[PDB]
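One structure below.
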Amino acid sequence: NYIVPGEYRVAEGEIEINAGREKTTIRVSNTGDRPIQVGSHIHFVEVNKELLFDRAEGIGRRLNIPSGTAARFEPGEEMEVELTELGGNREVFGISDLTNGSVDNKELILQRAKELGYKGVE
Amino acid sequence: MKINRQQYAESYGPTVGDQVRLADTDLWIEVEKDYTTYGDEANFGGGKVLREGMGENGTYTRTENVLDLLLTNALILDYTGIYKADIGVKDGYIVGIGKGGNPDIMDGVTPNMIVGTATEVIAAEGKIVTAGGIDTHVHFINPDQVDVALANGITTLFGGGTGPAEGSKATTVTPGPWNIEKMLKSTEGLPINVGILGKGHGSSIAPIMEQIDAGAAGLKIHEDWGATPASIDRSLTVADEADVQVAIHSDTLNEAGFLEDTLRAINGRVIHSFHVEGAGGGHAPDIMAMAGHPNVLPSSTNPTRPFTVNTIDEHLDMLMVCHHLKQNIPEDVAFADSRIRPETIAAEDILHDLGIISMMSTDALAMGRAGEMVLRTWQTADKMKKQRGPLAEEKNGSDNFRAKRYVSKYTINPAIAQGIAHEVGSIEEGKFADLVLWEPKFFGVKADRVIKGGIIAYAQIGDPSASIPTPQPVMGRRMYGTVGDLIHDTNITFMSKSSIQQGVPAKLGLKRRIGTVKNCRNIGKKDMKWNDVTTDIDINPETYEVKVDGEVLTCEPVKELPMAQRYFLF
Amino acid sequence: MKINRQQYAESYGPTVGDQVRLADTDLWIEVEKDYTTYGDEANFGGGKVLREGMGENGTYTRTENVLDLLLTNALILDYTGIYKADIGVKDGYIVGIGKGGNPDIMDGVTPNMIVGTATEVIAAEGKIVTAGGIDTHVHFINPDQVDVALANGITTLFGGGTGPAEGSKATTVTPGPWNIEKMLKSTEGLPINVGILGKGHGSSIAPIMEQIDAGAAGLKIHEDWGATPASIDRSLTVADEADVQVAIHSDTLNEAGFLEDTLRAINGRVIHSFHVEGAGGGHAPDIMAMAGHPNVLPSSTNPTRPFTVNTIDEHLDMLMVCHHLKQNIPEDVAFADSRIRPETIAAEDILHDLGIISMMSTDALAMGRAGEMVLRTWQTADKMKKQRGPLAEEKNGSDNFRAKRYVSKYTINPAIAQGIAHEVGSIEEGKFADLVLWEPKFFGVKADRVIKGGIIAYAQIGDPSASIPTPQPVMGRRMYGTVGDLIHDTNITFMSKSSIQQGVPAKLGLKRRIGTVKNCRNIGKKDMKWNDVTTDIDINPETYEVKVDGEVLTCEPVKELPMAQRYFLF
Amino acid sequence: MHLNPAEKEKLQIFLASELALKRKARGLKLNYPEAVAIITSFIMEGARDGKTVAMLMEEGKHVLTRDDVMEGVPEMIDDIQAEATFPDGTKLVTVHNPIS
Amino acid sequence: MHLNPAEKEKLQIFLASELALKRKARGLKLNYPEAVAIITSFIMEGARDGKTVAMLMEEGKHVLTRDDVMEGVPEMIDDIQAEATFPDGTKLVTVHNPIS
Amino acid sequence: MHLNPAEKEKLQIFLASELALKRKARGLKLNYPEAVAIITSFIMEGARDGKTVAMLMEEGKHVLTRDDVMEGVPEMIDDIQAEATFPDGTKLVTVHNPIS
Ligand SMILES: [F-]
Ligand SMILES: [F-]
Ligand code: NI
Ligand code: NI
Ligand code: NI
Ligand code: NI
């Protein structure tokens, strides 16, 4: 009976994000001495050079977290994160300039990443 | 990875099946569908999604499917639906309703809704977004009335007047070519859309028609200038030739005819019946029967909306002032008293709820309140839910049917009636980006931000000296869309086809966008969205009892309304 | 006939060697030189000197060395000196600084400073006169912010925004050709100089460059749009071609790189680092190290200026609102908290005092106060005198060195950084006559009269119904320079060379004076007047301790400031 | 607060009434604008209190008497009109001949 | 007086608070703008008194309680923000959830 | 009410004086605009009371003393000027050095 002006009455259930897309869990470490925070929609292979992880496993992917949230790595901190697949045309331009085209070009992306010192290229 | 619904709605606004209370009313709207792809919602800010290479595309130039403005996560309330979408604006118009962002990486992006370098962002998550209100019964009496209207979500003013002259204080009339030209030039400084009505009075065609050619967008027939069979007839002959609308305030006195005589003079032609209940004017006591006819587009003005315990007592002195009447002339008082009837006011509530009265309007400053058209629409809907129950058409416990029926009364239907719905009156692709954001707690009471032609024109915002815009005092203020020459690009002056063809804008130096009035004469009650009912309305001449389908229409006045003392400082 | 110094200063303002207290601070400025000839001082009024045949020449036409306006007996405070002179204005520009009057009978008249029939007089005896403030960090959020700025002596606003849209509430960005055109047209009604920044984001050149060609005067790189290596690089490539400045708010999150990665993307090119201390944004915790580099033009925004006991406590909620962050997202709070550090705020005070941070700015309405750039500059200088002592460079017990260093931060240096110092930013012959008069008791607090292009635009003045203008209430009010079409001639819209060459002003119907942005890419820290220091700034990533030349920079917060509760009603 | 244009304007009626009440309290006969302000603010506060329009139309005739105001003021005020938010929304109160 | 734009605007917060306080004193449950005005003026007068920002962030939660205001008003006010001149210059006070 | 531009503006002097008087009553030393507001409103109410210009030119020097105001405020106020409607029309009151 009490009226909260403008209140919501939400439906039952839950919302599944990024439904139907492959998910991948990887370990990532901040080898730097300042904190690194990573948003939900950055192409994961293009994050800060000083994050150490299997860079190939970030290609064509991003964090599987709610839109507009982030994962925070304090200095020296290692965490497991879950990635989802990029959608749409599966192309990335700009950011760190590692892709500039289809994410399918894994060898080129990794060659650029290695030459520029992004940690974790095999 | 799943998110519960409470947290989802907090972060992105509600989604399918969620309900939202309208202000402090009992009315609940339910999200019918959602254009998003869950996980790819657009949002802007520090570390958020609309960033270069991410939700913002870094490749395309403005002309390549990129927006000037994206409203993210809007809950749209419109005659077309109640639903969740992003809204994309370009060149001052709504170009996309759907899902915005970056096709590079997001699923489900509407192809012409790319967020690019050229794109500004307004966050609509947690807001209700409606079309700007279309007020077709405006007396231009005091320029301070514009901000009053903007603050309650009105974005178009149709009517007439030259300021506080007695003719204008009584009638929505800007008379003759010279007054029309002067007011078209005044309009260059009014931060709202405008159309001007000429005097629908005369017994020869040329004095009436020359107002249309001078730039009027329609005509007003008003009893204070003689709402005679001749003036009715000549005005409609002009309107049929010029493709503009005629509004009527009929002969309350029944001096030259009764209602049936006015209808015979109309002779089946299209007309907009103002304040059809009749307190604001018209054949006493039975004018409201006009709302049953297929050629009548019927509106109410707002002081009778809805029926409350104080409604009757305010009206006599209001009417006497408006119409320049004298307390010491008994027949002036008798005329005023003849217009004020609880029986027809009560029935007017029900006729709105049944879709028999199709439109709301203010009657600003001449028996009406410039900033209460939207407000009183929702108070009426709430009263009718309380007294009549959910409409039979509703489902899942929502009030969506009633919400569509009522929002149409002050958005799309006045636009259709006036011949301007190709430009304004609804949230649809291809229409001008006149949009109102509301916090649900303030819905219908005080607008958050009023967008005009794609730029914010009015906003409730705080201390201009502060570190951020939210500290007190938060008040309604004109924004950059109203400043300098931007007032020209964010507002439309609506004009007749003939005045446009004859070059009136260039002659007068008008810089505002010029809107064409058209498709006014080939419509009827059937074209009023969600409010298309024709029926035989019987009004007893002795008792004023109103019958439809053999049933008396009556309801009680209420002592209290929502959207009232919880909100207002005075 | 001799006059004692106290009486001389009362009558004509101070002369060589006299000192004046700045407001209620401990800062004293000393007159370094005086251009007058004692006995031939100009003054205006009943029975005074500037009368025909006397101090006013009656022979010469306006074009014959006669002024439109003489400011008599000004105490100039400028990067060029602190000194006593008359100031002569003609065609809206400063044409002479020296001694005005009539060569017929007076000694020492500067040849082009004749008071003639064409000359208006402003009495500056007993006033301090400075250049108008140049605020290069303005968010265009609420038009009411203009008078706030004028009242504290600001005459140019550089920044971006479209009103209270979330993009603009976070970032100094007017995005894309259409929003830029709309805001250039809005600017026609803003009584202050303006330049507009486009969105410095993209991975292709054309979406960024088309903003410059549309009329932008520079670019803003902001982390809320993705301050990535790509966006940094493309924006600087555009700026190097177009000869405009780029401002940066860097990647606080260190998401795509640390500070060293941002510097590598800049690659030695010129850039204006906004809020270099970092509370207002940037690589946490070490962004302020940018102020050591030769290619960086570093500014502060004002809420951290100076370090006080309440500074930290206000910042978290301010930041969350500005950047559209959510209290219920832990990483949003962690990001906000990472920006707020007493260690770097305290060091920021000292870096200003050492000439390592070259500029002040507001950040108006997006973590900054539109009317407190000048105010907080002097509060900082006063705090530093109290805590660090007179600077070693001072003499005769004056604070002239510190006064020059600090006045430069909000006048000449922002103008140089933006490429507009050929027009504005100092009291020098050949520059636009944007001048602020201050009573010493109100210096830096409330301007007396603000002159724009040679006409008073804003003044603290009293009752408009009174017999004289001094009776209460004395308040800030817009003057005739802001009215009618005079707003066009008294203000400058600054634009890129390409937009000017491509005829954008004529295309949009802009009537304001058009200023060209130029000479932005061939400057560095060495060109910042009195604030040209380059050094290696070390910021400890763990403790946030700031070191320069092996010494920790720290100071205490203060409980009280001058230029505060003695003056303000709220 | 979300003040709209009318809320801002009507604050200055309340203020003028407070001014006029302090003048009355120190013994002055009130002038035309003072008398109008007092009666107007009385109406708007009565609406806030939840009185009816009909109550205020009558109470407004008993707020000030002719001995409270200067010569001629009763005859200068033919009526006072004010709108305020009642429990049932905005309504207009017209007080005819408030001071006999 | 040399009033600047903010000083002029903020006078109307003080006035709205005085209005609201008189309504509370005669027994009315306060509405949304009344409650905001009272808490806002309280903050700005506290700054004038020389309290700290941190003091006012907490005191602002104890100015009005839910029994002082109409139904739903506590839930309508997520926070109140006000800037005023403290002894150490202008600062922002944010009071979260001022009425439980 | 028929308020003209000056009547509207001068309401805000009265309001600023009321604000300043409440600050003084709770023990604060008054600042520059507060002191000016109090003395100005005093003059305009004195005219309303029917005092002469000459009376107010002298009384205005005895409204506030230096112990009522912050350091330096007496020396910041060289004079206060106000116009108001006296029984014989609008006149100007100039108070020189109102606070010694
Ligand atoms: F009407
Ligand atoms: F910023
Ligand atoms: Ni009518
Ligand atoms: Ni009407
Ligand atoms: Ni920033
Ligand atoms: Ni900023």
Side-chain angles (χ1 to χ4, degrees), chain B residues 46 135-139 141 158-161 167-173 197 200 220-225 227 247-252 272-283 287 299-304 315 318-319 321-324 339 361-370 467-469, chain C residues 135-141 145 157-161 167-173 197 200 220-225 227 247-250 252 272-276 278-282 299-304 318-319 321-323 339 361-370 373:
Chain B
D135 187 3
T136 55
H137 194 147
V138 181
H139 296 249
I141 289 168
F158 246 81
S168 294
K169 291 190 294 180
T171 80
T172 57
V173 168
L197 304 181
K220 171 68 170 297
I221 302 160
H222 197 295
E223 79 178 318
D224 293 8
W225 299 113
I248 185 166
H249 167 146
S250 65
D251 184 352
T252 302
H272 179 173
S273 178
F274 274 175
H275 42 63
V276 71
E277 177 279 330
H283 289 286
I287 177 63
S299 58
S300 296
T301 57
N302 73 18
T304 57
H315 262 83
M318 186 199 299
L319 195 163
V321 169
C322 170
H323 295 294
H324 203 225
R339 285 163 52 171
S361 71
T362 63
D363 218 342
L365 288 167
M367 305 187 65
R369 292 169 175 116
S467 62
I468 41 167
Chain C
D135 187 3
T136 55
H137 194 147
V138 181
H139 296 249
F140 292 105
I141 289 168
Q145 71 190 105
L157 305 182
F158 246 81
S168 294
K169 291 190 294 180
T171 80
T172 57
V173 168
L197 304 181
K220 171 68 170 297
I221 302 160
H222 197 295
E223 79 178 318
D224 293 8
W225 299 113
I248 185 166
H249 167 146
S250 65
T252 302
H272 179 173
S273 178
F274 274 175
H275 42 63
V276 71
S299 58
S300 296
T301 57
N302 73 18
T304 57
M318 186 199 299
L319 195 163
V321 169
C322 170
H323 295 294
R339 285 163 52 171
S361 71
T362 63
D363 218 342
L365 288 167
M367 305 187 65
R369 292 169 175 116
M373 174 175 65

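Each chain gets a letter, A, B and so on, in the order its sequence line appears, and its residues count up from 1. Every number for a ligand or one of its atoms is a count from 1 in the order of the listing.
For a distance bound of 2.8 Å, the N, O or S atoms of C/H137 include one lying that close to the Ni ion (ligand 6). At a cut-off of 2.8 Å, C/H139 is counted among the residues with an N, O or S atom near the Ni ion (ligand 6). At least one N/O/S atom of B/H275, whether from backbone or side chain, sits less than 2.8 Å from the Ni ion (ligand 3). At least one N, O or S atom of B/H249, from either the backbone or the side chain, sits less than 2.8 Å from the Ni ion (ligand 3).
In this structure, the side chains of C/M367 and C/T301 stay at 4.5 Å or more apart for every pair of heavy atoms. Side-chain contact between C/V138 and C/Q145 is present, with heavy atoms from C-beta onward closer than 4.5 Å.
Between C/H137 and C/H249, the distance from one ring center to the other does not fall under 6.0 angstrom.
Of the possible polar contacts, one joining the C/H139 side chain to the C/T171 backbone as a donor-acceptor pair under 3.5 Å is found.
With no hydrogens or angles considered, no side-chain donor-acceptor pair links B/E277 and B/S300 at under 3.5 Å.
The minimum distance between the Ni ion (ligand 6) and any N, O or S atom of C/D363 involves atom OD1.
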